Structures are given as structure tokens and as C-alpha cells.
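Okay, structure first, notes after.
Positions of Cβ are generated from backbone atoms using ideal geometry, with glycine treated the same way; all protein chains shown enter the neighbour counts. What follows is calculated from the coordinates using simple rules that are stated; it is not laboratory data.
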Amino acid sequence: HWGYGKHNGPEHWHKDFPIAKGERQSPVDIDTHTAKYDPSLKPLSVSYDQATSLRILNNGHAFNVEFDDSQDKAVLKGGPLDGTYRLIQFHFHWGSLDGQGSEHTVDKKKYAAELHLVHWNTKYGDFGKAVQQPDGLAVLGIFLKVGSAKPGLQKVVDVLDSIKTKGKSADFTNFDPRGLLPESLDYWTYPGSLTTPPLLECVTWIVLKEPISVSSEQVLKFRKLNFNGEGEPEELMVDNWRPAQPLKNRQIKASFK
Ligand SMILES: NS(=O)(=O)c1ccc(/N=N/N2CCCCCC2)cc1
Ligand SMILES: [Zn+2]
């Protein structure tokens, strides 16, 4: 099966999933000088005050914090979006070292990690139907740099020892994702894809310019997770990021400056 190992990583994915070589793949390098400011872009509206987390899951490629998406609660709207996108899960990608880990890059700069808040367009009724549409998902991407701790991340970090290995889950209620948001909602946006198989071309990407800082100790605990299941040979869950893909016929737009 696909993964991030020595034999099944991103450069192999195209054999099982040929849209890996498609026209709107993610992530990309954000060349900041060529992104154009679009005065028609609206402020992002992030309304997470009623978000209801339920569980955290090691899915073998990352960990997902899952939400109740059966009511109109945590939604994302505005920005470049038409309509209303509901939060279903968040997860991260990260490196073996602080100098790599992000999926998007900024002028070729890699960050230590990247948070993806995944939302689906309510017009399609559920997530599984949304991923089949060109405007089905909106993923809010947030860079992580290593410096001062993020206090609103620590609840996630501390539960990680309970989901060390693939398939493990733990109840995870009352987690407030507002504690993961940088001060500014300035962003870049472009049309792209899921960054893991099946690599579907269904995402409006919204990448915040301002990173969040997390501590070395916090990111070190991400790197103690395992890709393998319990009782299998230990493979640390590190470098679970896809490299930048060709921009092809795409423009990245900036909400600022
Ligand atoms: N890394 S990412 O945010 O682009 C992302 C978000 C969500 C994803 N969910 N993928 N699934 C795809 C198969 C269809 C339904 C199950 C979830 C995959 C990748
Ligand atoms: Zn992701």
C-alpha cells in the first residue's frame, strides 16, 4: 500500500493513482512575488465557536482529530469560497527534522510542519460526495515553526501516547481548534487536490501566511508516533509530507498587500 517509506512514497503514487500527474495537484510552492493580490478576495470567515470534536485517530499516515459534522457548526466561508464549508477533521504533516515537514513551501522555504483543517461544501450533503466535486473541499493550511509552545496544541500532544500505532483511536471531546489559529487570517489561495491518495482534484486551498509557533518538545512528540500497527516493526511517523508539485496552469492569489 502507499505510504512515506523507502519503497511506496510519493514518487510511486502515480501507479495506483494516475491523477498524481494531473493538472491541479497539491501541494505547490507559493512563489510570493508572483502571487497576485486580488482585491475581490474577501476576509476569511472562520466560525469555530460550536465545533464539537469527538475523537482522535492514528490512521497510519497521520493522526486526525475528528469533528461532529452532522449539524451546522464549525464552518468556513468567505475568502475565495462560494457557500458554506463544514469542518470534518484536522491533521498535520511533519518532518524528521525541524528543517522539513510542510507540504506547501513559501519561496522554497519548508516549515517544520503543516496543519490541515479539512472542510466540505454543504451543497453536496456529505464529505464522500463532496470529494467527487471540483469545489467539494476547502482546506485551511497553517504552517508550524519551532519556537515558543502553542498552548492550545498541548491537549493534542498529550493524547498522542494513547494512539501510538495505526488504528488506535481515543475519545477527544471539547477540543477547541481556535487555539491553533495565528493571529492574522491573511492567505494565499489556489485550486488543488488532496495531498494523499486518492489525490482527488476537489480542494480550494487556503494557506495562511502567518505560521504558528510550537515548541521542539511538541513537535518531538509528533515524531514518536508510529506508521505501523501494534506488534509490527517500529517505523516512526515522520516525513509524512508530499513534495511540491508542478503549478501547471494555475494562479495563486493573495488576500493581502
Ligand atoms: N492532506 S489533505 O488535507 O489534502 C487531505 C484531506 C482529506 C483527505 N481525506 N481523504 N479521504 C479520501 C477518500 C475519500 C474519503 C475518505 C477520506 C485526504 C487528504
Ligand atoms: Zn493534509
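Here the Gaussian network model covers the chain, with springs between Cα atoms less than 10 Å apart; of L54, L199, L137, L54 fluctuates the most.
Helical content of the chain, expressed as a calculated mean residue ellipticity at 222 nm, amounts to -1500 deg cm²/dmol (DSSP H runs of 4 or more residues, -39,500 (n - 2.57) each, divided by residue number, nearest 500). Taking a straight Cα-Cα cut-off under 15 Å and skipping sequence neighbours fewer than 8 places away in the same chain, the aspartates and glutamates within cross-link reach of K248 are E23, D29, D31, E201.
Hey, with R₀ at 25 Å, roughly what FRET efficiency would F256 and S213 work out to, going by the Cβ-Cβ distance, to 0.05? Working from the Cβ atoms, E equals 0.80. Set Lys and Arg Cβ to +1 and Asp and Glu Cβ to -1, take the dipole of the chain about its Cα centre, and tell me which of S96, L81, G3 lies farthest positive. Positive-most Cα among the choices belongs to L81.
Classification of the range 107-164 by its C-alpha gyration tensor yields an oblate form. The axis ratio a/c (a ≥ b ≥ c) is 1.5 or more, and b/c is at least a/b. Enumerate the residues in the range 160-175 having an amide nitrogen under 19 Å from the point lying 7 Å beyond the Cα of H1 toward its Cβ. It comes to 163-170, nothing else.
Here the dipole of the chain is about 480 debye; that uses its Cα centre as origin and unit charges on the Cβ of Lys and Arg (positive) and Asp and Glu (negative). Inter-label distance, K123 to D239: 4.2 nm, where each label sits 7 Å from its Cα along the C-beta direction. Shape verdict for the range 52-176, please, from the Cα gyration tensor: rounded (a/c under 1.5), prolate (a/b greater than b/c) or oblate. Cα axes put the range 52-176 in the oblate bin.
With 0.36 nm allotted per residue and the present C-alpha distance subtracted, the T173-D38 stretch has 44.8 nm of extension available. By definition, a body whose alpha carbon gyration tensor gives a ≥ b ≥ c is oblate when a/c is 1.5 or more and a/b is not larger than b/c, and the range 10-53 fits this oblate description.
Using the Cβ-Cβ distance between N249 and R223 with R0 set to 45 Å, the FRET efficiency from 1/(1 + (r/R0)^6) comes to roughly 0.75.
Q132 to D161: FRET efficiency via 1/(1 + (r/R0)^6), r the Cβ-Cβ distance, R0 35 Å, to the nearest 0.05? So the FRET efficiency works out to roughly 0.45.
Would you kindly calculate the mean projected area, averaged across all directions, of the convex hull enclosing the Cα atoms of the chain, in square nanometres?
Mean shadow area of the hull around the Cα atoms is 12.8 nm².
Only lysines eight or more places from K155 in sequence, or on another chain, were considered; those with a Cα closer than 23 Å are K73, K145, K164, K166, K168, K221, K224.
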